[PDB]
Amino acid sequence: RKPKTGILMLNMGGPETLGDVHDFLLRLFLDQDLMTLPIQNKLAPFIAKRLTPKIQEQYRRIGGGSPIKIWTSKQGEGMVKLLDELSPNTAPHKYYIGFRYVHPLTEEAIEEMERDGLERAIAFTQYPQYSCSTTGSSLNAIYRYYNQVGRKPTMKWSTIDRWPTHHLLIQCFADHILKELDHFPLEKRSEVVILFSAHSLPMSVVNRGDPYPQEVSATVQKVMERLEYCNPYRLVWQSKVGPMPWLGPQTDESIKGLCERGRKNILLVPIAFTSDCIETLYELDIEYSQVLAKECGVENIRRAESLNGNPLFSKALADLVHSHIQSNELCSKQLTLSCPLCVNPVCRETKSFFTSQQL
């Protein structure tokens, strides 16, 4: 009955209520792995306070908070139930949520796992495609926790640091895309253009060698092959903020561009998220699909449902862990190679932390 194998589900997380917004932003602006700011300890809390109002408003517009925890929990539960049957030898299994900027924090999760006296610990990022700013930071967090708690782990660690083309993940996306195409007016099904939308990155991060763009592109190709290229598409990027150069084309500008050129039936696909979040419920659904779409005279714009509670996604999670345990993988081969132009000394240390694990 005592938990044996723990599955740490890593994700950035999102504020559950409006009151959680400020601290969310604060923890984020204090993360060196994500950004280096002048007098950061002073500006971090300041920027957080000045952005809180506007960000609280965005969450109010979607109902008052982020559903990430809810969806993550349901996905974890399904995953566990399947693992206890798939791998009796490693059962019982228990999932732990390790959010990067909100409770339960990555550090609180690890602390709970250590107290539960697990034998095996698996860092399972929830970002199918790897980015040093997301999965990397989350993995860095695990290494720093021990390096700071002044004591070696009491569990055997390993990590599933990426999984951009897992067949069940691809199937989930393909299934959701198809059912959504069925929602368009019959007369426009074939005319529908698919815009796969992933989170954009500043060009400064892309240019240092971030793995993200290339992996996201792989997921896209995999999904389209499964769809037998029934509709034309383009991979675009959303969430750019600030005046600096980011990887484009931008999702909003692409939507507007398509309309001005006669392609008024668009299908958006949140290809790099596993559940609804502010990026889908507000940015894509309200900001672009309601406001922008109107001004551009779109005829039909829809978004494929987020993976959320699809039972197939949980199976995907279970299959990944199961196959990870069976192969004795400590981490992907990809993690053993840091960005050619990486300037963060912790990246190499985090890699070694995992590649060096006993077992």
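We number the residues from 1 along the sequence you see.
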Legend entry - 236 to 244 set against 89 to 97, stretch whose average Cα temperature factor tops the other in the entry: 89 to 97
Inset, instruction - Report the stretch with the higher mean CA temperature factor, choosing between 297 to 305 and 56 to 64 on the basis of the entry. - result: 297 to 305
Legend entry - Deposited CA B-factor, highest of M155, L201, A174, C132: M155
Inset, instruction - Select one of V205, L82, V216, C277: the residue whose C-alpha shows the highest B-factor in the crystal structure entry. - result: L82
Inset, instruction - Check where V192 lands among this chain's C-alpha B-factors and tell me if it's the lowest, middle or highest third. - result: lowest
Inset, instruction - Rank-wise, by C-alpha B-factor, drop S137 into the lowest, middle or highest third of its chain. - result: middle
Inset, instruction - Sort the modelled residues of this chain by their C-alpha B factor and say whether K333 lands in the lowest, middle or highest third. - result: lowest
Inset, instruction - Comparing against every modelled residue in the chain, figure out the third that the C-alpha B-factor of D210 lands in (lowest, middle or highest). - result: lowest
Inset, instruction - Tell me, lowest, middle or highest third: where does the Cα B factor of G78 rank within its chain? - result: middle
